[PDB]
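I have placed the structure first, in the form of structure tokens, so that the comments after it can refer back to it.
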Amino acid sequence: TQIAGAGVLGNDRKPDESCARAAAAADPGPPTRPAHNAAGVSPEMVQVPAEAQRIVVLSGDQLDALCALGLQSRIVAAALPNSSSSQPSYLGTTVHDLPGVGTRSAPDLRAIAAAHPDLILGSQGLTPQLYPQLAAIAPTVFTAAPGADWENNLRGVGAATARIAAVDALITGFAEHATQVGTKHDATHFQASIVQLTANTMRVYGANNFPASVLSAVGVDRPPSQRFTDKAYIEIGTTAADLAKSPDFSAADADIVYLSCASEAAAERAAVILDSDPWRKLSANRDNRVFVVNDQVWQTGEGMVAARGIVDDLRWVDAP
């Protein structure tokens, strides 16, 4: 498949192979464990079950972690993405079919209590005002905001589920894999651009965000326009009226461009943007080096499973 001559990557990925085939073994020990909350959360230490069987999950990166650990059948509910009535699909069927407990920005505490969780996982970067009320319902662990700190968030889920050694082995295995791919594809000698379309804007991502951190693990370089760290992305309007003003899209150019769509509404205008005079000026477009990628893998999942999906797409950096 393609959109306006840009080829689509990831169509052979099988979402139902995302989850580990069985639950990772807990660290040896007693039926409860001490786990640590993210910076700023009080109390620092939380007693959690070794084998939680009704987990409420409030951040997408934690859904990803639980899948990577094979714990998905223990999830009782998950907060829905803010802009969607649907759970993510890239993690497979069990996750996609999970019931909601409100949204990630506005969890429903009544619905959480009615799910009778034995463990709640959430993020200090998403609901910094909810910790005491969640902890009053069940053992609650908060990790940091999703994004560039995804490995430490996965470590936090590991401790929260008594799977410290399992997570350490996943992270070691990922680092070795990412380095192998980067070495094989000589990734340090290609600059990659990260672009996300919304319904009415183009976001150009810098060096401080989830996909940037995965590219850095592989060693893929970035164009000078994408080295900023003050915010995740810069944003340029792409409505029909905006495009008629001949905006300069050069910040999106590189040796290769990976472009995702944040929504179906964004996808419905992607071909327009890619066919526009500002986009056609880009060297990457002239050289047929623009690729459309899965937004859940690249942008909204933000855990190990998503990171593995990015690394697969990075095999194209040294392609003809």
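Residues in the structure tokens are named by chain (A, B, ... in the order shown) and by number from 1 within that chain; ligands are numbered from 1 in the order shown.
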
**Item:** Contacts of residue A:190 at 10 Å (only C-alpha atoms; same-chain gap of 5+ positions) as JSON, numbers by chain
**Value:** {"A": [185, 219, 220, 221, 222, 223, 254, 255, 256, 317, 318]}

Need the shell around stretch 107-113 of chain A: protein/DNA/RNA residues with any atom at most 9 Å away, counting only C-alpha atoms. Skip same-chain ones fewer than 2 positions apart. Format as a compact mmCIF listing (two decimals) with N, CA and C atoms, in the first residue's frame?
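Dumped to around-v7.txt:
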# COMPACT_ATOMS: atom_id res chain seq x y z
N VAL A 56 -6.04 -2.65 36.91
CA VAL A 56 -6.56 -1.49 36.19
C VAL A 56 -5.35 -0.70 35.69
N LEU A 58 -3.93 2.66 33.58
CA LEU A 58 -4.36 3.99 33.18
C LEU A 58 -3.46 4.67 32.16
N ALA A 77 -9.45 -3.68 33.26
CA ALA A 77 -9.93 -2.52 32.52
C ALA A 77 -8.75 -1.63 32.21
N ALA A 79 -7.90 2.60 30.94
CA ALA A 79 -8.40 3.92 30.55
C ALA A 79 -8.24 4.10 29.04
N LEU A 80 -9.28 4.62 28.40
CA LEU A 80 -9.28 4.78 26.95
C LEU A 80 -8.39 5.95 26.53
N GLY A 100 -13.33 0.04 29.26
CA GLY A 100 -12.76 1.28 29.73
C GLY A 100 -13.10 1.57 31.18
N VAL A 101 -12.36 2.53 31.75
CA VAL A 101 -12.68 3.13 33.04
C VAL A 101 -12.49 4.63 32.87
N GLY A 102 -13.20 5.20 31.92
CA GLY A 102 -12.97 6.59 31.56
C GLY A 102 -11.74 6.68 30.67
N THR A 103 -11.25 7.90 30.50
CA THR A 103 -10.11 8.17 29.63
C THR A 103 -8.83 8.34 30.44
N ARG A 104 -7.71 8.34 29.72
CA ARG A 104 -6.42 8.51 30.38
C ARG A 104 -6.32 9.85 31.10
N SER A 105 -6.86 10.92 30.50
CA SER A 105 -6.82 12.21 31.17
C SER A 105 -7.84 12.31 32.29
N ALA A 115 -14.57 -2.20 39.34
CA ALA A 115 -13.79 -3.27 38.75
C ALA A 115 -13.05 -4.10 39.79
N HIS A 116 -13.08 -3.70 41.06
CA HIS A 116 -12.43 -4.42 42.15
C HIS A 116 -10.97 -4.78 41.86
N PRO A 117 -10.15 -3.82 41.45
CA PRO A 117 -8.76 -4.14 41.15
C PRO A 117 -7.99 -4.58 42.38
N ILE A 120 -3.57 -1.03 40.70
CA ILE A 120 -3.82 0.05 39.77
C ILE A 120 -2.47 0.59 39.31
N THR A 127 -2.09 11.90 35.39
CA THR A 127 -3.07 12.20 36.43
C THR A 127 -2.35 12.52 37.73
N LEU A 130 -4.54 12.46 41.03
CA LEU A 130 -5.40 11.33 41.40
C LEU A 130 -4.77 10.32 42.35
N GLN A 133 -6.62 9.14 45.81
CA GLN A 133 -7.92 8.50 45.61
C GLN A 133 -7.76 7.11 44.99
N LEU A 134 -6.80 6.95 44.08
CA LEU A 134 -6.55 5.62 43.53
C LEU A 134 -5.99 4.68 44.60
N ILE A 137 -8.37 2.92 46.81
CA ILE A 137 -9.12 1.80 46.23
C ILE A 137 -8.31 0.52 46.26
N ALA A 138 -7.04 0.58 45.84
CA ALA A 138 -6.21 -0.62 45.72
C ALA A 138 -4.77 -0.18 45.67

**Asked** Which residues come within 12 Å of residue A:131, counting only C-alpha atoms, excluding same-chain residues fewer than 6 positions away, as a list in words?
**Response** residues 37, 38, 40, 41, 42, 43, 44, 46, 58, 107, 109, 120, 121, 122, 123, 124, 125, 137, 138, 139, 140, 141, 142 and 143 of chain A

For N, CA and C atoms, I'd like the residues from the last selection saved as an mmCIF file, in the first residue's frame.
data_model
loop_
_atom_site.group_PDB
_atom_site.id
_atom_site.type_symbol
_atom_site.label_atom_id
_atom_site.label_comp_id
_atom_site.auth_asym_id
_atom_site.auth_seq_id
_atom_site.Cartn_x
_atom_site.Cartn_y
_atom_site.Cartn_z
ATOM 1 N N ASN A 37 7.204 4.319 43.683
ATOM 2 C CA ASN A 37 6.524 5.291 42.841
ATOM 3 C C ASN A 37 7.524 6.232 42.172
ATOM 4 N N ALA A 38 7.061 6.873 41.104
ATOM 5 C CA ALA A 38 7.792 7.907 40.388
ATOM 6 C C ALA A 38 8.102 9.098 41.297
ATOM 7 N N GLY A 40 8.089 12.566 43.005
ATOM 8 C CA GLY A 40 7.006 13.467 43.332
ATOM 9 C C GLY A 40 5.803 12.811 43.946
ATOM 10 N N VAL A 41 5.737 11.486 43.941
ATOM 11 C CA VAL A 41 4.572 10.784 44.447
ATOM 12 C C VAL A 41 4.834 10.386 45.895
ATOM 13 N N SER A 42 3.860 10.644 46.758
ATOM 14 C CA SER A 42 3.927 10.198 48.129
ATOM 15 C C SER A 42 2.781 9.241 48.406
ATOM 16 N N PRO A 43 3.031 8.140 49.113
ATOM 17 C CA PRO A 43 4.333 7.676 49.613
ATOM 18 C C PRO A 43 5.221 7.119 48.516
ATOM 19 N N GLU A 44 6.519 7.041 48.801
ATOM 20 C CA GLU A 44 7.472 6.513 47.836
ATOM 21 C C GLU A 44 7.273 5.019 47.615
ATOM 22 N N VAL A 46 5.225 1.250 47.874
ATOM 23 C CA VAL A 46 3.891 0.663 47.773
ATOM 24 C C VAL A 46 4.030 -0.845 47.881
ATOM 25 N N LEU A 58 -3.930 2.656 33.579
ATOM 26 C CA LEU A 58 -4.362 3.992 33.184
ATOM 27 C C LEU A 58 -3.459 4.669 32.158
ATOM 28 N N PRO A 107 -9.776 9.499 34.268
ATOM 29 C CA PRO A 107 -10.267 8.196 34.735
ATOM 30 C C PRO A 107 -11.511 8.340 35.601
ATOM 31 N N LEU A 109 -13.343 7.134 38.699
ATOM 32 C CA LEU A 109 -13.006 6.432 39.938
ATOM 33 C C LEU A 109 -14.115 5.483 40.382
ATOM 34 N N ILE A 120 -3.567 -1.030 40.704
ATOM 35 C CA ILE A 120 -3.820 0.052 39.768
ATOM 36 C C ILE A 120 -2.470 0.589 39.311
ATOM 37 N N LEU A 121 -2.297 0.749 37.991
ATOM 38 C CA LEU A 121 -1.101 1.368 37.430
ATOM 39 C C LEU A 121 -1.513 2.665 36.750
ATOM 40 N N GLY A 122 -0.779 3.749 37.029
ATOM 41 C CA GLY A 122 -1.046 5.020 36.399
ATOM 42 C C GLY A 122 0.201 5.835 36.238
ATOM 43 N N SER A 123 0.044 7.072 35.767
ATOM 44 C CA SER A 123 1.195 7.904 35.460
ATOM 45 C C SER A 123 1.079 9.250 36.159
ATOM 46 N N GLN A 124 2.142 9.627 36.888
ATOM 47 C CA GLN A 124 2.238 10.957 37.479
ATOM 48 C C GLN A 124 2.221 12.055 36.422
ATOM 49 N N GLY A 125 2.603 11.741 35.178
ATOM 50 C CA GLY A 125 2.524 12.739 34.122
ATOM 51 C C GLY A 125 1.157 12.907 33.492
ATOM 52 N N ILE A 137 -8.371 2.923 46.806
ATOM 53 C CA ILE A 137 -9.122 1.805 46.226
ATOM 54 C C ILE A 137 -8.306 0.519 46.257
ATOM 55 N N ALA A 138 -7.039 0.578 45.843
ATOM 56 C CA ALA A 138 -6.210 -0.624 45.720
ATOM 57 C C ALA A 138 -4.766 -0.176 45.671
ATOM 58 N N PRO A 139 -3.815 -1.089 45.881
ATOM 59 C CA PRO A 139 -2.402 -0.752 45.693
ATOM 60 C C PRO A 139 -2.189 -0.089 44.338
ATOM 61 N N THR A 140 -1.585 1.101 44.354
ATOM 62 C CA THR A 140 -1.435 1.933 43.163
ATOM 63 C C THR A 140 0.026 2.302 42.987
ATOM 64 N N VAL A 141 0.546 2.089 41.783
ATOM 65 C CA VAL A 141 1.894 2.513 41.449
ATOM 66 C C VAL A 141 1.825 3.491 40.289
ATOM 67 N N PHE A 142 2.503 4.622 40.441
ATOM 68 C CA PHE A 142 2.633 5.586 39.364
ATOM 69 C C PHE A 142 4.033 5.536 38.778
ATOM 70 N N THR A 143 4.103 5.541 37.454
ATOM 71 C CA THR A 143 5.342 5.791 36.732
ATOM 72 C C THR A 143 5.336 7.233 36.234
#

**Request:** Would you mind writing down, as a ChimeraX atom specification, each residue of stretch 17-256 of chain A that DSSP on the backbone assigns to strand (DSSP E or B)?
**Result:** /A:32-36,45-49,55-57,75-78,80,102-103,107,119-123,140-143,191-197,201-205,221,233-237,256

Would you export the selected residues with N, CA and C atoms as a short mmCIF file (atom, residue, chain, number, x, y, z; two decimals), in the first residue's frame, please?
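Done, and the output landed in again.cif:
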data_model
loop_
_atom_site.label_atom_id
_atom_site.label_comp_id
_atom_site.auth_asym_id
_atom_site.auth_seq_id
_atom_site.Cartn_x
_atom_site.Cartn_y
_atom_site.Cartn_z
N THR A 32 3.72 -10.63 48.67
CA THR A 32 3.70 -9.21 48.39
C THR A 32 5.12 -8.70 48.25
N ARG A 33 5.26 -7.53 47.60
CA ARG A 33 6.57 -6.94 47.33
C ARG A 33 6.53 -5.43 47.50
N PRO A 34 7.65 -4.81 47.86
CA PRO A 34 7.73 -3.33 47.84
C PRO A 34 8.03 -2.81 46.44
N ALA A 35 7.21 -1.89 45.96
CA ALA A 35 7.46 -1.23 44.69
C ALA A 35 7.58 0.27 44.91
N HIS A 36 8.24 0.96 43.99
CA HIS A 36 8.55 2.37 44.16
C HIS A 36 7.73 3.21 43.19
N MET A 45 7.01 4.26 48.67
CA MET A 45 6.95 2.80 48.56
C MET A 45 5.53 2.26 48.68
N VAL A 46 5.23 1.25 47.87
CA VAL A 46 3.89 0.66 47.77
C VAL A 46 4.03 -0.85 47.88
N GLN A 47 3.23 -1.46 48.74
CA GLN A 47 3.18 -2.92 48.81
C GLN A 47 2.22 -3.44 47.74
N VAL A 48 2.71 -4.29 46.85
CA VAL A 48 1.92 -4.81 45.73
C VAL A 48 1.83 -6.33 45.81
N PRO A 49 0.81 -6.94 45.20
CA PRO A 49 0.78 -8.41 45.15
C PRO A 49 1.89 -8.91 44.25
N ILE A 55 -5.90 -6.09 37.21
CA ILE A 55 -5.09 -4.88 37.10
C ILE A 55 -5.90 -3.83 36.34
N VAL A 56 -6.04 -2.65 36.91
CA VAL A 56 -6.56 -1.49 36.19
C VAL A 56 -5.35 -0.70 35.69
N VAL A 57 -5.32 -0.40 34.38
CA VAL A 57 -4.18 0.24 33.73
C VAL A 57 -4.59 1.58 33.15
N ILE A 75 -5.60 -8.10 33.08
CA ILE A 75 -6.08 -6.72 33.02
C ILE A 75 -7.60 -6.71 33.08
N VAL A 76 -8.15 -5.99 34.07
CA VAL A 76 -9.60 -5.94 34.22
C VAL A 76 -10.20 -4.76 33.46
N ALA A 77 -9.45 -3.68 33.26
CA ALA A 77 -9.93 -2.52 32.52
C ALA A 77 -8.75 -1.63 32.21
N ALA A 78 -8.93 -0.78 31.20
CA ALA A 78 -7.87 0.17 30.85
C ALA A 78 -8.50 1.50 30.47
N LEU A 80 -9.28 4.62 28.40
CA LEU A 80 -9.28 4.78 26.95
C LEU A 80 -8.39 5.95 26.53
N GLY A 102 -13.20 5.20 31.92
CA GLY A 102 -12.97 6.59 31.56
C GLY A 102 -11.74 6.68 30.67
N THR A 103 -11.25 7.90 30.50
CA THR A 103 -10.11 8.17 29.63
C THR A 103 -8.83 8.34 30.44
N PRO A 107 -9.78 9.50 34.27
CA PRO A 107 -10.27 8.20 34.73
C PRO A 107 -11.51 8.34 35.60
N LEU A 119 -4.61 -4.17 41.78
CA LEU A 119 -3.46 -3.33 41.45
C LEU A 119 -3.95 -2.28 40.47
N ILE A 120 -3.57 -1.03 40.70
CA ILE A 120 -3.82 0.05 39.77
C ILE A 120 -2.47 0.59 39.31
N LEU A 121 -2.30 0.75 37.99
CA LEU A 121 -1.10 1.37 37.43
C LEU A 121 -1.51 2.66 36.75
N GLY A 122 -0.78 3.75 37.03
CA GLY A 122 -1.05 5.02 36.40
C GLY A 122 0.20 5.84 36.24
N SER A 123 0.04 7.07 35.77
CA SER A 123 1.20 7.90 35.46
C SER A 123 1.08 9.25 36.16
N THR A 140 -1.59 1.10 44.35
CA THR A 140 -1.44 1.93 43.16
C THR A 140 0.03 2.30 42.99
N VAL A 141 0.55 2.09 41.78
CA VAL A 141 1.89 2.51 41.45
C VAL A 141 1.82 3.49 40.29
N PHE A 142 2.50 4.62 40.44
CA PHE A 142 2.63 5.59 39.36
C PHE A 142 4.03 5.54 38.78
N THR A 143 4.10 5.54 37.45
CA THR A 143 5.34 5.79 36.73
C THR A 143 5.34 7.23 36.23
N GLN A 191 20.24 10.29 8.35
CA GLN A 191 19.41 11.15 9.17
C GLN A 191 17.94 10.87 8.89
N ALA A 192 17.19 10.60 9.95
CA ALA A 192 15.77 10.27 9.83
C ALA A 192 14.91 11.37 10.44
N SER A 193 13.82 11.67 9.75
CA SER A 193 12.82 12.63 10.18
C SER A 193 11.59 11.90 10.72
N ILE A 194 11.01 12.45 11.79
CA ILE A 194 9.82 11.90 12.42
C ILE A 194 8.70 12.92 12.29
N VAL A 195 7.64 12.56 11.57
CA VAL A 195 6.53 13.46 11.28
C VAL A 195 5.23 12.77 11.67
N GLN A 196 4.30 13.52 12.27
CA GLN A 196 2.97 13.02 12.58
C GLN A 196 1.95 14.02 12.07
N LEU A 197 1.01 13.57 11.23
CA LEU A 197 -0.07 14.43 10.80
C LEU A 197 -1.27 14.31 11.74
N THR A 201 -2.84 19.73 11.14
CA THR A 201 -1.46 20.17 11.33
C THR A 201 -0.50 19.06 10.99
N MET A 202 0.75 19.46 10.84
CA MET A 202 1.88 18.57 10.70
C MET A 202 2.75 18.80 11.94
N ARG A 203 3.06 17.75 12.67
CA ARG A 203 3.98 17.83 13.80
C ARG A 203 5.32 17.23 13.39
N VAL A 204 6.38 17.97 13.63
CA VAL A 204 7.74 17.52 13.37
C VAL A 204 8.41 17.31 14.71
N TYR A 205 8.79 16.07 14.99
CA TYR A 205 9.29 15.71 16.31
C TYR A 205 10.79 15.98 16.43
N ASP A 221 20.73 8.83 12.99
CA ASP A 221 20.96 10.26 13.18
C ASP A 221 19.66 11.01 12.84
N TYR A 233 7.54 18.29 19.92
CA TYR A 233 7.39 18.57 18.48
C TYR A 233 7.08 20.04 18.25
N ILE A 234 7.39 20.49 17.03
CA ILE A 234 6.91 21.76 16.49
C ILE A 234 5.72 21.44 15.59
N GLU A 235 4.88 22.43 15.34
CA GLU A 235 3.63 22.17 14.65
C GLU A 235 3.37 23.24 13.60
N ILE A 236 2.94 22.81 12.41
CA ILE A 236 2.72 23.66 11.25
C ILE A 236 1.31 23.36 10.71
N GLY A 237 0.52 24.39 10.41
CA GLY A 237 -0.83 24.15 9.91
C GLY A 237 -0.84 23.59 8.49
N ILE A 256 15.57 10.16 5.18
CA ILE A 256 14.38 9.32 5.18
C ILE A 256 13.38 9.97 6.10
#

**Prompt:** Which of these residues is nearest to residue A:305, using only C-alpha atoms: A:181, A:126, A:214, A:8?
**Reply:**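 The answer is A:214, which sits nearest to residue A:305.
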
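Nearest to residue A:263 of all the residues A:27, A:61, A:295, A:230 is A:295, based on only C-alpha atoms.
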
**Asked** Could you name the residues that touch residue A:267 at 9 Å or less, counting only C-alpha atoms, but leaving out those on the same chain fewer than 4 positions away, as a ChimeraX atom specification?
**Response** /A:3,197-199,260-263,271

**Request:** Measure the distance from atom CA of residue A:287 to atom CA of residue A:183 in Å and round it to one decimal.
**Result:**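 Straight-line distance from atom CA of residue A:287 to atom CA of residue A:183 works out to 23.9 Å.
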
**Request:** Would you kindly return, as a PyMOL selection string, each protein, DNA or RNA residue with an atom no farther than 9 Å from any atom of stretch 174-177 of chain A, considering only C-alpha atoms and excluding same-chain residues fewer than 6 positions away?
**Result:** chain A and resi 217-218+304+307-308+311

**Close residues, residue A:12 itself excluded, 12 Å, only C-alpha atoms, min 4 positions apart in chain, as a list in words** =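 So the residues in contact are residues 1, 8, 16, 17, 293, 294, 309, 312 and 313 of chain A.
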
**Request:** Write down as JSON, numbers by chain the residues belonging to stretch 132-293 of chain A that are assigned helix (DSSP H, G or I) by DSSP computed on the backbone.
**Result:** {"A": [132, 133, 134, 135, 136, 137, 150, 151, 152, 153, 154, 155, 156, 157, 158, 159, 160, 164, 165, 166, 167, 168, 169, 170, 171, 172, 173, 174, 175, 176, 177, 178, 179, 180, 181, 182, 183, 184, 187, 188, 189, 210, 211, 212, 213, 214, 215, 216, 217, 218, 224, 225, 226, 240, 241, 242, 243, 250, 251, 252, 264, 265, 266, 267, 268, 269, 270, 271, 272, 273, 274, 275, 277, 278, 279, 280, 283, 284, 285, 286]}

**Request:** Can you pull out every residue within 10 Å of residue A:216, counting only C-alpha atoms, but drop anything in the same chain fewer than 4 positions away, and send it as a ChimeraX atom specification?
**Result:** /A:178-179,182,187-188,207,211-212,220-222

**Request:** Could you tell me how far atom CA of residue A:283 lies from atom CA of residue A:266, in Å and to one decimal?
**Result:** 22.9 Å
